[PDB]
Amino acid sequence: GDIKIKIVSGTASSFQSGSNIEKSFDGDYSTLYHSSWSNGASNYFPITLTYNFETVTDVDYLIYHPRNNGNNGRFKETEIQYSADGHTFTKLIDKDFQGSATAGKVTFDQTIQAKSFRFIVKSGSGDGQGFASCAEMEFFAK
């Protein structure tokens, strides 16, 4: 009986053309958001991803779906934040997705009323210093 919240827009501080953030909320687990392939800068990380709902919405957990094919951009250390208004963000948790190739769920112990969620990706798997990529990001209310 859980409701999947509709993501209507988003932003990414780094993306490769054709793999911008909306590719992580198109309902397709094969299509990826992916950070820029030019990953040589010293200040390439962190990479900040923001997901926006239409209105402030109750949220009880989220699921990050990494790419299942290829090792570029599976999230490692992240800071997860939320915003009640879409502008001001509050830290929720530091979550290590561990470069896992499988979905990672984060469950809150209090419902969050959020207009937006934000991921500050401090590290991610892959070639060189790594990347950030996401097949789908999903938010749910019980």
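Numbers for residues come from their place in the sequence shown, where the first is 1.
Undergrad: Which is higher on average in the deposited entry, the C-alpha temperature factors of 95-103 or of 44-52?
TA: Higher mean C-alpha B-factor in the PDB entry: 95-103.
Undergrad: Between 73-81 and 53-61, which has the higher average C-alpha B-factor in the PDB entry?
TA: Higher of the two, by average CA B-factor, is 53-61.
Undergrad: For the chain shown, is the CA B-factor of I3 in the lowest, middle or highest third of its modelled residues?
TA: Highest third - that is where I3 ends up once the chain's C-alpha B-factors are sorted.
Undergrad: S36's Cα B-factor: lowest, middle or highest third of the chain?
TA: Tercile = lowest for this residue's CA B-factor.
Undergrad: Among the modelled residues of its chain, does the C-alpha B-factor of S30 lie in the lowest, middle or highest third?
TA: CA B-factor rank for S30: highest third.
Undergrad: Mind checking which third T88 falls in for C-alpha B-factor across the chain?
TA: As the PDB entry reports it, the C-alpha B-factor of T88 lands in the highest third of its chain.
Undergrad: For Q113, does the deposited CA B-factor place it in the lowest, middle or highest third of the chain?
TA: Tercile = middle for this residue's CA B-factor.
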